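Worth knowing before you read on, the calculation uses all heavy atoms, side chains too, and leaves out hydrogens, waters and symmetry mates. First listed ligand is number 1; within each ligand, the first listed atom is number 1. So that the names make sense, note that chain A is the first sequence line, chain B the second, and so on, each numbered from 1.
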Amino acid sequence: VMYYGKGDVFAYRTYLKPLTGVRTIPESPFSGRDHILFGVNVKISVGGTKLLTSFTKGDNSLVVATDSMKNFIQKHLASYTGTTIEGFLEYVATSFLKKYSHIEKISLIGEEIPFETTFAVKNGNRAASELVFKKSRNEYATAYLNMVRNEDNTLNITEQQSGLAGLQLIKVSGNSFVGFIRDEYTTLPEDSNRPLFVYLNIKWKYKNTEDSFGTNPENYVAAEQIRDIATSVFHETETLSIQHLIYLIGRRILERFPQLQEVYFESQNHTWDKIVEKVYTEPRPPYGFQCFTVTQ
Amino acid sequence: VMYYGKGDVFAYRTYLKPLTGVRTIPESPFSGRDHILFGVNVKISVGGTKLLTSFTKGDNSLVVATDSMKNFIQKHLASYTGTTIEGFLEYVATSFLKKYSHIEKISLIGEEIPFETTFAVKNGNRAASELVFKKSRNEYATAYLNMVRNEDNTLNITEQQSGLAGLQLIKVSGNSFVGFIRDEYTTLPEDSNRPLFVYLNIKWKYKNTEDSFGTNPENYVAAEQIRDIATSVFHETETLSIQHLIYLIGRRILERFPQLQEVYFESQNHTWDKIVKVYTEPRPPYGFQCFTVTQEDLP
Amino acid sequence: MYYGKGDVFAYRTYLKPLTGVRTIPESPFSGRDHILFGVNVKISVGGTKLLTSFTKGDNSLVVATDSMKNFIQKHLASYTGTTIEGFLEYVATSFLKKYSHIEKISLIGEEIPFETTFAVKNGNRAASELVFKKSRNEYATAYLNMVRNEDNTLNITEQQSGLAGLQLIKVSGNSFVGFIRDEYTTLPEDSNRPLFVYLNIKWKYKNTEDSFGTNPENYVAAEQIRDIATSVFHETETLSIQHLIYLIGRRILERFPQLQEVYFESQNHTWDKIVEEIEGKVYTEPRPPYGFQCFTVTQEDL
Amino acid sequence: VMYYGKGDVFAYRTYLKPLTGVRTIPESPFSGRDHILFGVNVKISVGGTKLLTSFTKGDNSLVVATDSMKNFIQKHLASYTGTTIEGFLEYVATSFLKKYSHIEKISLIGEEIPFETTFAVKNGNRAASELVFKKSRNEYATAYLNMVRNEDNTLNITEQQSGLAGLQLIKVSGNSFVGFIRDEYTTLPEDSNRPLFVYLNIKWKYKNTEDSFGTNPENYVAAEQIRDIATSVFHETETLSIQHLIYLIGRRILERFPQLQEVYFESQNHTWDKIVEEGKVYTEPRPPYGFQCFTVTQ
Ligand SMILES: O=c1[nH]c(=O)c2nn[nH]c2[nH]1
Ligand SMILES: O=c1[nH]c(=O)c2nn[nH]c2[nH]1
Ligand SMILES: O=c1[nH]c(=O)c2nn[nH]c2[nH]1
Ligand SMILES: O=c1[nH]c(=O)c2nn[nH]c2[nH]1
Ligand SMILES: [K+]
Ligand SMILES: [K+]
């Protein structure tokens, strides 16, 4: 009930250590990240009982300026020798608590800024550019970390989660929504073949926090692989609801990644309307949503 | 966990029962709401153990369609005879749990869609129009309500909060930020006179949930009044930090409204840079603060 | 062939106040305190001598766009006038005088509006001179283009003022009937709809000097235009947005004979009645498609 | 000075006729569009002297409701038998002017709603799905058409343009910006190696309007191909300014597509700042953004 910090701390770096040696799965071609260009948007929040008088009295003696937190994060991207956004948050968190002993808790959110490769031609041969990248406004990897300083001054991870945000998938056929309650408030017709359009935010938790850092990359779960599981499962099965779809996606994730403990879904329904006069159009604003956890 | 529902359920109606008989405070001229035009954006979430098979098996037998929740909310705005957004959420929640016995929990968020009065001339007389309103994209009232059906089938409120969101205040002078840690990570200069620009989201919790509904309107705490306390407190004193500003705003709120238990702040710093005096927009990173003031903080 | 800088924000305190304005029945507007002033400027420049900056990569005659930003921001500090229109003229004249190889400059200025707030001082509640609320609602605009002619004289080549971002809903007293009903028509006749319009209004002065504030009795304030729009919308049963904006434009030109013409860009965002059968009507947000209208009213319409 | 219409007319259709047989170029693998899923956002504007009294008098007798324009567009996506967004706009325009004789002008803008393929597994083999697509918020194709009814009742295309919007490209090295004017207003340091970040909107006009419709797909210029030219040209050379980059992109486009008359660019500069406080680290700049407008002809 007393925290402060900095949001929208963007930091971009070239030639981060490549992520290599990740275990591949049948649903995904993902085998690593070259890391020629790496971007992250970090939010940092900190607290501690010794900050009380910064609120109650206007005493700034123990206030790390939020501007300085921004400098801390950006400088640490330059010195980070690891390979994942999760490991970067861990580096920032441990470093920050080691620097500022009066801080008792730090919470970090990191959002990948995704870039995609582009094509260039050199002497007749077209290939991926190592220089020119396309900024993507589509799905992106996320990471969350909370760390605390205990009364015996050890540091402990109290929460850690990885994710995939902003995935927007439409399946043109092979989706039903039937059998729901029909009463005085029901106008929705039964539909045995709708073009289901779902937004997915998927988060996962590791059994062992160390697996999230890429130290042993064979145990890392890449957001890219989660994406490709999601599209494969959506494709493979006649859907009966978004609820049951996210259940089946979660089951496949836990099957493919036994090192995970849980998968959490936040989904939204944005399915198009058939037009007034198959052609579809955008619906009115109200959107359905679902929240669901699958456990290993 | 397992929940599902509908967001962005907009509903507009004219001639909601007016809010009057409120209790005034020195910081605010607020005296009620005409309610000629009323709008709300509702989010509804529901849960219950009996919904498991809708996820695990694709059995929709016990699923209230989210489209039907949308219909339920919109129709109930037509039949609501009360005077506040908080009371509207209570009416929706109680009505919904009574209709659907297999639902164990409902969670509602309501955001006011604010409209402002405009001028019209009628027969040489300029006055506020009863017909034409301006849609506002500035601050707005909010309300939060969670309700449960207990195992013994009684219904109980499990969370209730009211709020003010989207308030953006700049104070051109009379703000200092000095005395903070200056170390190897510090490039921020001391500034004894900055144009502090804060975004405020303020939420309050009543001691007695009935006071939020408007039934006895003298016990209601209006978002307009909270707004006016925030602006007066910001004006009245030299600020030393956003942290300490929100503490003083919270203390004044709890002093003016003894029926409140606590008040929660989420603030953001958006202060302008001096240009490379004239000011300009900063880079994207923004400071923020989260703080709860309780009755234990009172004089 | 043009280049420039957008989103050049500049804020200052205690700009010279705007006073001495001429009033109209529809509006209480009496001036602007200018305790807090903000503007968002876009600048675009051109000139034949800039060709090789494109064709060859030669930057020798390029004013960096960063330097344009510095120019604008510094000139808000030295501006001694009272309107956004005048500020643009000051920037444009100053810029072309500084950079003789630039043949054309185009400026857009958007007001960043702030609203007064209440404070209690010693038991007296009054408007604060210190704390303001940033507004995301309607705002004044200004457009100015200037050229350096072949003979080195400077001339304004376009000037318009405006009001943007006005969103008005009239809950009753609106009809839309009599339109074409054919095989593409699913819209019912509606003799009483809650018409919701977005308005962007621009006006052109007969005499460009009247826009600058030098003789402030000839200035047309966006606040006054706003208040004409709300009054006219209230006063009469609307028959369409088309005819509403015609009537607003006629009133503007009648109230401000120093204006040559007024231009409207309107959009229809009227709510739908809710799907559920219903006590009074309830409305909700429509699907995304929006109607729009563009219309110019001139003195020939009076 | 008198128009009205409808914006944000979204229409989505499955199994539009595929676009096949497009001439390839070295910079791009593009050969066509499966059109399993097709989406467009249309804006329609119409005008005509016979609409005057709808404004001056409130007489709606000759008003096609904007709602009905929306119906017209959406129904015509169902009946369109062609293969390009440009051809769809031509179909809508000709059909609309043929239906409503009192309309003298129609202007259409179409924005592709882009969808990307996704992976699915069958029998352990991973391949692109024919059912599941990913909605993209990145670059997209555009088309513009203005058509008028002449006094002799012939219909005439008065403006026609195709485009690519929303392309955001960053080149990490191999970019300079030096030699610009340094005077009392200049604080920007010269930079011989910046990570240039450009937004590109690219439009092109055909020599012969018929080439935009896909009827002979060998003459069609796909926005995908323009995208890939842009990234190749950006890669290939040390840039000296955005101005000179868009010039070189335009020259390459006109070389690869001799059926084009002109290329028009609207570019923006969003290059990151080096941080205040090992390799370099960058961050987001303040809001002011540079921009350029430029036309290449031939
Ligand atoms: O997948 C769905 N789940 C739902 O709960 C629902 N409600 N309306 N449509 C729906 N679709
Ligand atoms: O009010 C402020 N509080 C802070 O914590 C801070 N940090 N930088 N600037 C600041 N301003
Ligand atoms: O005011 C309106 N003008 C129009 O042209 C129109 N078309 N549909 N609804 C409409 N309303
Ligand atoms: O490429 C650029 N062109 C410009 O005109 C400019 N001005 N500042 N930086 C710039 N970069
Ligand atoms: K009072
Ligand atoms: K008056």
Side-chain angles (χ1 to χ4, degrees), chain A residues 4-6 46 51 54-55 58 60 62-71, chain B residues 22-31 175-182 185-191 194 196-198 224-225 228-229 232 239-247 256 267-271 282 285-289 291, chain C residues 118 120 123-125 174-180 184-190 193 195-197 238-246 266-270 286 289-293 295, chain D residues 3-6 46 51 54-55 58 60 62-71:
Chain A
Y4 80 117
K6 200 82 169 187
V46 302
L51 299 169
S54 72
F55 294 86
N60 291 318
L62 286 172
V63 176
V64 183
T66 70
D67 190 81
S68 303
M69 298 176 189
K70 175 217 47 152
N71 289 335
Chain B
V22 297
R23 179 191 291 148
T24 66
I25 59 165
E27 291 82 3
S28 182
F30 178 78
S31 68
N175 308 286
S176 101
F177 190 61
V178 302
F180 53 85
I181 287 170
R182 306 200 71 82
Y185 295 102
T186 306
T187 55
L188 182 70
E190 317 272 324
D191 196 344
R194 68 182 176 168
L196 177 59
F197 193 4
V198 296
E224 293 87 341
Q225 292 174 307
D228 294 342
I229 286 169
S232 192
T239 65
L240 302 173
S241 65
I242 296 166
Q243 287 91 321
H244 185 58
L245 170 65
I246 61 182
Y247 170 81
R256 289 295 181 213
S267 53
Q268 301 180 0
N269 193 339
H270 292 275
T271 299
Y286 63 89
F288 65 82
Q289 299 78 20
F291 190 72
Chain C
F118 294 120
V120 179
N124 188 39
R125 181 181 59 248
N174 308 284
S175 74
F176 188 63
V177 302
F179 51 88
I180 289 165
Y184 297 103
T185 308
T186 55
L187 182 73
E189 317 273 321
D190 194 343
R193 64 176 180 176
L195 180 58
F196 191 5
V197 298
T238 68
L239 303 172
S240 63
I241 293 172
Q242 289 90 320
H243 184 58
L244 169 61
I245 59 184
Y246 172 79
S266 53
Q267 304 180 354
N268 194 337
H269 293 272
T270 300
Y290 61 89
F292 66 84
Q293 298 74 23
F295 190 71
Chain D
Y3 303 110
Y4 82 113
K6 201 82 171 189
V46 303
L51 300 172
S54 74
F55 295 87
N60 294 318
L62 283 175
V63 175
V64 181
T66 70
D67 191 80
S68 304
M69 299 178 189
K70 172 269 291 185
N71 290 334

Is there a nitrogen or oxygen of [X] sitting under 3.5 Å from a nitrogen or oxygen of ligand 2?
X: B:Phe177; result: no
X: B:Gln243; result: yes
X: B:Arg194; result: yes

Side-chain donor or acceptor of [X] paired with backbone N/O of [Y] under 3.5 Å:
X: B:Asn175; Y: B:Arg194; answer: yes
X: B:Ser31; Y: B:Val22; answer: no
X: C:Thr185; Y: C:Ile180; answer: yes

I need the atoms of ligand 2 closer than 4.0 Å to a non-hydrogen atom of [X], numbered in the order shown.
X: B:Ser241; answer: 1 (O)
X: A:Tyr4; answer: 5 (O)
X: B:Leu188; answer: 8 (N), 9 (N)

In chain order, what residues pass the side chain to side chain contact (heavy atoms under 4.5 Å, CB included) check against C:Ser240, with sequence neighbours excluded?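 Checked C:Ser240 against side chain to side chain contact (heavy atoms under 4.5 Å, CB included); matches are C:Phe176, C:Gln242, C:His243, D:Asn60.
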Step-by-step side-chain contact (heavy atoms from CB on, under 4.5 Å) determination, C:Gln267 to C:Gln293: CA-CA 6 Å; C:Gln267 304 180 354; C:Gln293 298 74 23; 5.9 Å; no
Please confirm whether D:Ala65 comes within less than 3.5 Å of ligand 3 when only nitrogen or oxygen atoms on both sides are compared.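 For ligand 3, there is no N or O atom that lies under 3.5 Å from one belonging to D:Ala65.
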Which protein heavy atom lies closest to atom 7 (N) of ligand 3, and at what distance to 0.1 Å?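 For atom 7 (N) of ligand 3, the nearest protein heavy atom comes out as D:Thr66 N, 2.9 Å.
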List every atom of ligand 3 that sits less than 4.0 Å from any heavy atom of C:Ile241, numbering the atoms from 1 in the order shown and giving each element.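 Per the distance check, 1 (O), 2 (C).
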Considering the heavy atoms of C:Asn268, write down every atom of ligand 3 situated less than 4.0 Å from one of them.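 Per the distance check, 11 (N).
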If the contact criterion is a heavy-atom separation under 4.0 Å, does C:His243 count as touching ligand 3?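 So C:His243 does not count as touching ligand 3.
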With 3.4 Å as the limit, count the protein N, O or S atoms near the K ion (ligand 5).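 Atoms of protein N, O or S type lying less than 3.4 Å from the K ion (ligand 5) total 3.
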Might you point out which heavy atoms bring A:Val64 and A:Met69 nearest each other, and give the distance in Å?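 The pair with the smallest heavy-atom distance is O-CE, 3.7 Å.
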Closer than 4.0 angstrom, basic N to acidic O: yes or no for B:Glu27 and B:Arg256?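 Salt bridge: yes.
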Under 4.0 Å, heavy atoms only, figure out whether ligand 2 is touched by the backbone of B:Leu196, its side chain, both or neither.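 No part of B:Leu196 is near ligand 2 at this cut-off.
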B:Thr187 and A:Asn71: side chain donor to acceptor below 3.5 Å: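 Indeed, the side chains of B:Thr187 and A:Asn71 share at least one donor-acceptor pair under 3.5 Å.
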Please tell me if the side chains of B:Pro29 and C:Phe118 come closer than 4.5 Å, counting only heavy atoms from C-beta onward.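 Yes - at least one pair of side-chain heavy atoms lies under 4.5 Å apart.
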Determine, stepwise, if the pair D:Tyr4 / D:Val46 fulfils side-chain contact (heavy atoms from CB on, under 4.5 Å). CA-CA 6 Å; D:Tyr4 82 113; D:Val46 303; 3.5 Å; yes
Close aromatic pair by centroid cut-off 6.0 Å: D:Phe55 and C:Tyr246: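 No: the rings miss the under 6.0 Å criterion.
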If the plane angle is over 60° it's perpendicular, under 30° parallel, otherwise tilted; pick one for C:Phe196 and C:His269.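 C:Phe196 and C:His269: perpendicular rings.
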